[PDB]
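A short worksheet on the structure shown next.
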Amino acid sequence: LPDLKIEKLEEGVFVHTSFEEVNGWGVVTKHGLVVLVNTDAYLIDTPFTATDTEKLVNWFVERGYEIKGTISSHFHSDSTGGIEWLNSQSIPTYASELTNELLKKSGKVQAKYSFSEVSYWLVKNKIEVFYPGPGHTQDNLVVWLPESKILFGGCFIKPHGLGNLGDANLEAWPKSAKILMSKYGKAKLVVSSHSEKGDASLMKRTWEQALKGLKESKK
Ligand SMILES: C[C@@H](O)[C@@H](C(=O)O)[C@H]1CC(SCCNC=N)=C(C(=O)O)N1
Ligand SMILES: [Zn+2]
Ligand SMILES: [Zn+2]
């Protein structure tokens, strides 16, 4: 499978794309972000593997950046697979307390730092972490970049098919989608884990898909 790809979105915002075969889903394409604050870099989700996480870190280190911190949007491996490697390099990893306990219960390595707040400033006025409510998972988070007006929706944004429902809360997802739409209507760009980037309407598409999946789940 190809190496991690890095693509600039605009000044200070990069998309990282990694590929992994996962048991019954075939090769998964996963998008995360790298956000620059001056000469500091922040990883928004880890790629699937230690190897891709190392390639990503080394790419920004070679371009003169310090990796100040990572945030995992939820406990699944497409958001957290790099945490063990980052910890071994003493790069600060962050997850919600709920995410870290879901990781523990799954026998996975935890982020070194956790937080319980619904709205958490990873970097004050630069990187906000928000819990809209359950959807894709009980713990899923989004990341908001107030300066660029970019929203990273992770595996919660699902405009054309909900994907893995194993850990999903179909009852809550529509309500959580409305909360997200209410908070981030002013997003100029929505980046998701597995879909094409788009405008704020991807939040409304997610609301519609969640309702459609909830109606389906009731034979
Ligand atoms: C591999 C694991 O992280 C998994 C998950 O988080 O549930 C991946 C694989 C999947 S299915 C791949 C994409 N299919 C439809 N969007 C999803 C997802 O549904 O968000 N994420
Ligand atoms: Zn997931
Ligand atoms: Zn996913």
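Residue numbering for chain A follows Swiss-Prot; the residues present correspond to positions 22-240, in that order.
Heads up, header says this was done by X-ray crystallography, 1.9 Å.
Yeah, the Cβs are placed from backbone N, Cα and C, and that goes for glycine too.
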According to Swiss-Prot, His95, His97 bind Zn(2+) 1; which one of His37, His52, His157 is listed for that same site? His157
Do any of the binding-site residues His97, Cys176, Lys179, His215 touch ligand 2, in the sense that the CB is under 6 Å from one of its atoms? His97, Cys176
Candidates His95, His97, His157 (binding-site residues); nearest Cα to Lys179 (beta-lactam binding site) turns out to be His157
Distance in Å spanning the most remote Cα pair of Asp99, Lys179, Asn185, given for beta-lactam: 15
Take the C-alpha atoms of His95 (Zn(2+) 1 binding site) and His215 (Zn(2+) 2 binding site) and report the distance between them in angstrom, rounded. 14
Where the criterion is a Cβ under 6 Å from an atom of ligand 1, which of the binding-site residues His95, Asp99, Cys176, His215 meet it? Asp99, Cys176, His215
Beyond the site residues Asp99, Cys176, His215: chain residues whose C-beta lies within 8 Å of the centroid, for Zn(2+) 2: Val49, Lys51, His97, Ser100, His157, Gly175, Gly184, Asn185, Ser213, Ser214
